[PDB]
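Descriptive structure summary
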Amino acid sequence: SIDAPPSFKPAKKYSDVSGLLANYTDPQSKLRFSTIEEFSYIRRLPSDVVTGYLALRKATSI
Amino acid sequence: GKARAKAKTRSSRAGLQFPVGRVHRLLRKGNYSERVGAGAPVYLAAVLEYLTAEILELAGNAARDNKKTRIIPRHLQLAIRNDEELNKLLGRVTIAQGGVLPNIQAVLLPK
Amino acid sequence: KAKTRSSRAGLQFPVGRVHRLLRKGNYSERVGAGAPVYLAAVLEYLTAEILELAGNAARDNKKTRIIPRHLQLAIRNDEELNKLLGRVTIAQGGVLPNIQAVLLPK
Amino acid sequence: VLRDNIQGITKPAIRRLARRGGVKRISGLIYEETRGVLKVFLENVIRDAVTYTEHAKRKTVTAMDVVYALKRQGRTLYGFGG
Amino acid sequence: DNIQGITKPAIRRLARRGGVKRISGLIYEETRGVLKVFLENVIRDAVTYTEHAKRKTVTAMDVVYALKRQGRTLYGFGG
Amino acid sequence: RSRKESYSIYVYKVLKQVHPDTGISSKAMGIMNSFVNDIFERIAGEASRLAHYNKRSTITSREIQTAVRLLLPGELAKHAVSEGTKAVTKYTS
Amino acid sequence: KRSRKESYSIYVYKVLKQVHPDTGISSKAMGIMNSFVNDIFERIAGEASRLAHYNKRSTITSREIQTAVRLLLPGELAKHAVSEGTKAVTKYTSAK
Amino acid sequence: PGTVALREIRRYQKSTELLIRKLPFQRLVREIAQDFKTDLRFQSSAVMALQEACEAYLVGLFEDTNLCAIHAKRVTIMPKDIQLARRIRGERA
Amino acid sequence: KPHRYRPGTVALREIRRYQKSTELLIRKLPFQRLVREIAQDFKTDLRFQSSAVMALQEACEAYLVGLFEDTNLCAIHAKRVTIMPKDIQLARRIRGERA
Amino acid sequence: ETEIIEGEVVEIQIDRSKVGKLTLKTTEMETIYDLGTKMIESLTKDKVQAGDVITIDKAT
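Residues numbered from 1 in each chain as written, not as in the entry; some residues may be left out. Chains lettered and ligands numbered in written order. Part of a larger assembly, values for the part shown. Heavy atoms only, no water. Residues with missing side-chain atoms left out of burial classes, pairs and counts.

Deposited coordinates in this entry are attributed by the record to cryo-EM, at a stated resolution of 3.2 Å.

As recorded in the PDB entry, chain J goes by the name RuvB-like 2, listed as coming from Homo sapiens. According to the PDB record, the title of this entry is "Cryo-EM structure of the human INO80 complex bound to a WT nucleosome".

Let's shift gears to the overall build of chain B. Helices and strands together make up the secondary structure of chain B, namely five helices and three strands. Listing the helices and strands of chain B from first to last along the sequence gives α-α-β-α-β-α-α-β. For 111 residues, the compact-globule formula gives about 13 Å, and the C-alpha radius of gyration of chain B, at 20 Å, lies well above that figure. The C-alpha extent of chain B, read off along each of the three principal axes, is 85 × 35 × 20 Å. Considering only contacts in chain B between residues 6 or more positions apart, those separated by 24 or more positions represent 32%. (Helix = DSSP H or I, 4+ residues; strand = E, 2+ residues; numbered from the N terminus. Rg over C-alpha atoms; globule rule 2.2 N^0.38 Å. Contact = heavy atoms within 4.5 Å.)

Let's shift gears to the interface of chain B and chain F. Contacts between chain B and chain F engage 51 residues on the former and 56 residues on the latter. Buried area between chain B and chain F, summed over both chains or domains, comes out near 5000 Å², and the portion from carbon and sulfur atoms is 73%. In terms of surface lost to chain F, no three residues of chain B exceed B:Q17, B:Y32 and B:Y43, which account for 16% of the buried area on that side. Our enumeration of links across chain B and chain F arrives at one salt bridge. (Buried area = accessible area lost by both parts, 1.4 Å probe. Salt bridge = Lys/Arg side-chain N within 4 Å of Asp/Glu carboxyl O.)

This part is about the interface of chain C and chain E. On the chain E side, the residues contacting the nine residues of chain C number 10 residues. Together chain C and chain E conceal approximately 810 Å² of surface at their shared face, both sides included; 53% is due to carbon and sulfur atoms. Summed over the three residues of chain C that lose the most area to chain E, namely C:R87, C:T89 and C:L103, the buried surface amounts to 52% of that side. Where chain C meets chain E, there are zero salt bridges. Of the residues belonging to the side of chain C that touches chain E, the class tally is seven nonpolar, one polar and one charged. (Nonpolar A, V, L, I, M, F, W, Y, C, P; charged D, E, K, R; others polar.)

Residues and elements named next belong to chain H. The interhelical angle for the contact between helix 2 (residues 22-34) and helix 3 (residues 44-71), taken along N-to-C directions, is 100°, at an axis separation of 11 Å. One element, helix 2, and the other, helix 3, form an angle in the roughly perpendicular class. Residues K22, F25 and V29 of helix 2 form the contact with helix 3, whose own contacting residues are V47, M48, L50, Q51 and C54. Class assignment for the residues of the contact of helix 2 with helix 3 results in six nonpolar, one polar and one charged. (Axes fitted to C-alpha atoms, helices over the stretch in contact; angles between N-to-C directions. Parallel < 35°, antiparallel > 145°, perpendicular 65-115°, else oblique.)

Turning next to the nonpolar core. With 63 residues, the main nonpolar core has B:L27 and F:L72 as its most contacted residues. Considering each element in turn, this core owes the most residues, 14 residues, to helix 3 (residues 40-64) of chain B. Apart from residues no more than four positions distant in its own chain, F:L72 is found in contact with B:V47, B:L51, B:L89, F:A77 and F:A80. (Core = buried A, V, L, I, M, F, W, Y, C linked by side-chain atoms within 4.5 Å. Buried < 20%, exposed > 50% of the residue type's maximum accessible area, 1.4 Å probe, protein only.)

Assignment of secondary structure puts E:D45 in helix 2 (residues 27-52). Given a relative accessible area of 5%, E:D45 falls into the buried group. Excluding its chain neighbours within four sequence positions, the residues that come into contact with E:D45 are E:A66, E:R69 and F:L70.

Right, let's talk about the environment of F:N54 for a bit. Among the structural elements, F:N54 can be located in the loop between helix 2 (26-53) and strand 2 (58-59). With relative accessibility at 16%, the residue F:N54 sits in the buried group. Look past the residues within four positions of F:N54 in its chain and what remains in contact with it is E:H52 and E:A53.

Our focus in this paragraph is the packing of helix 2 of chain E against helix 3 (residues 50-77) of chain I. At a closest axis distance of 11 Å, the pairing of helix 2 of chain E and helix 3 of chain I adopts a crossing angle of 135°. By the angle class used here, helix 2 of chain E and helix 3 of chain I are oblique. At the point where helix 2 of chain E passes helix 3 of chain I, the crossing takes the right-handed sense. On helix 3 of chain I, the residues that touch E:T31, E:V34, E:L35, E:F38, E:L39 and E:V42 of helix 2 of chain E are I:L56, I:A59, I:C60, I:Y63, I:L64, I:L67 and I:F68. Here the residues of the contact of helix 2 of chain E with helix 3 of chain I are counted per class, giving 12 nonpolar, one polar and no charged. (Left-handed = near helix turned anticlockwise from the far one by under 90°.)

Even without a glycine there, the phi angle at B:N31 is positive, about 60°. Topologically, B:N31 is positioned in the loop between helix 2 (20-29) and strand 1 (35-36). Even without being a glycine, H:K73 presents a positive backbone phi close to 55°. On the secondary structure map, H:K73 appears in the loop between helix 3 and strand 2 (76-77).

It is worth spelling out the pattern of salt bridges at this point. Enumeration according to the criterion identifies 31 salt bridges over all chains in this entry. We note a salt bridge from H:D64 to H:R89, for which the minimum N-O separation is 2.4 Å. Of this pair, H:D64 sits in helix 3 while H:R89 sits in helix 4 (residues 79-89), and the two are 25 residues apart along the sequence. Among the residues examined, H:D64 registers a relative accessible area of 9% and is labelled buried. With a shortest N-O distance of 2.5 Å, I:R95 and I:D70 are connected by a salt bridge.

A separate point is the sheet that holds strand 4 (residues 52-57) of chain J. All names here are of chain J. Pairing is antiparallel in the open sheet, where four strands are placed in the order 3-2-1-4. Edge positions in the sheet fall to strand 3 (30-35) and strand 4, since each has one partner strand and no second. For this sheet, the mean inter-axis angle between neighbouring strands, taken without regard to orientation, is 45°. The pairing of strand 1 (residues 4-14) with strand 2 (residues 20-25) spans six bridges and is classified as antiparallel. Bridge assignment links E8 to a residue of strand 2, and that residue is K25. Helix 1 (residues 37-45) contacts strand 1, strand 2, strand 3 and strand 4 of the sheet and is inclined by roughly 110° relative to strand 3. (Pairing = 2+ DSSP bridges.)

Spelled out as structure tokens, the structure:
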């Protein structure tokens, strides 16, 4: 009984490649970006960095 | 020695439905290897769940269009042969009393 | 004096090696005594049958060394060996010479 | 009459099987040839089915034997056991 | 683009081993498709076997294992 | 008596998740039994052979996952891989 | 020092010298024969494994490989292999 | 004419029964099995499975035969097509 | 003026010449480049053993020779000597690949 | 100032509160969206199918 309780406040969403306020997502990769150049960059990226970003902030993908 | 009464099954702990214990027993008794891992039966049960769910969903969809409330071998046959993935997975199998898909070649059709 | 089981049974292929492979191959937990003997006998028979035909083919080719071509000829010409080895391909062995009747000139 | 039972596979039966196969016209020389083919198939299954019956020291051929015989020939059958 | 590396005389030679006298001129473009597809399956297995052993080099036994799983057995390469 | 055994009461139990008002005939039950144990034997044998090829003693989650990848033709392979990974992840925790 | 490799090179060569005293053999043929023996042995062994499961057994018996080898081989070849293996086992059991 | 045959074609491709009479098939199977060993007994399910497998084989054979016949700009199937189908499939030569 | 051979005899000459020898037909370098590019399309940064690529080459050649033999049977069945793609499609379908 | 969501809808999925999910697609990006209970009614009232170019006022 010394660990902090789970937060009841919803957690914001941030761009996985620029650290800015995200407002969209991506069904093909399940990541989040902020602008058009972010979308082009994330599409140009291979699967290795995508799965690394997904595993960083752990998600339904291992 | 005291133990928990009516302990939970491994299938329920895994969220699956096929018997993980029976799969593990079959793996151990089948002499595929001298030692069988821990998570292998769970994974195999999950794959079997997926396959059974897919084939049964398709069979039920096929049977619904035939105004029938019960699955028969014909509905399974129609379900498998109409999906390319399941057809190539089950290329060399024979379904008993399942008939053949109805298809006519363009040349043999009148006019 | 230690005598090998192959010599005791009058074979050439190793009974001990076959028994070890059967035991370590996960085919069953218990391996009989005569199983490696009988398996080695069958393997020796098959090897002799293939080899004698390969040597006959090599002699017909007027050469004293067996190459994959002679093995291919021996397998394909014999009906039973071809039936046994239907789905196998011999490396750099080619195919038998064959011309269809209708393709001959006039 | 002393007649071979391969002729027991009647011509209408072969026509029915062909029509299930999707063929419009049938030449007259198929009828004797198909039976021959039907022989060869039964010569490659029953032979196996008997051998298993040998290995179990049994005298009655069971459905499991024929299912295993068909299984090894890449012609697996569903719904008759196994 | 490297499928064009399978030149036309090579296809002619492969046909000639089979025992055919005349070759259509449009056969090659379709035949290069078959070489394109039949080769896209063994590699699917060949890399995958390689990826099981934590190694990233395609050894001569992986292709043998793939061809064995598909139903085409070859001898002389450690089979 | 005899524990003939079967998955009859399992695949049927799966049916309610996809079609809650659909029945199964006895012959269809036998068909599904044969299908499931055939796929079981296929996957188990492939995993065995692969483990023997890699000179290992234990058939693990990754070996059977690779067997599924080899055996399942297309999108079924990746979807079953995801399903199995989710199942094992929930089993561990 | 690295590991030791395993093959059937000497035994097939000995059989060849026993059947054709003056006929040699190449390296590629050596590899092909090795693969052939491996494949045939694996076929007979793996096919024999299933009969034990089918008949609820635990041991591989000589009278069981006898049934296994007459399914993989055609008529005359299987008959001759069975006869020679029976002779081999009969000669082996007389000395033990 | 040429349309009553297509009536059958469409009828049989829907119904799923045994197109060969049971008694002659049983006699044929018994006579074929007599040579291997005398005085045999047969499970009924074994005979039914035999007949089902044989009918499936024949249906597939006739499908391939029809493809062969269509290839040569014909409508009638002749043994020249069955031999080709068997040869190229792999049961002979 | 120069002696010209009939169209067709050179065909049988090449048939007899190639059906006796057992060399590799496809040039080694294009085949290696093709398999390398295919592998990189699947998984980049891969290493290949020379024996592996030559075994792929021999398997492909055996497959093509069998396919062309079946194609020849199909073409002769249609009262022809020239092979057209429909013969290959028919063979591939009856064998059970394509369809 | 106003917030406007304009684009082509690809797929809509509403379960049985209710959970909703839809994927919008412009010519330069795609985006998945989870719907609240109000948006469920706002989308069921005006039947929206695949391949429809829609404009939504966020504040309303």
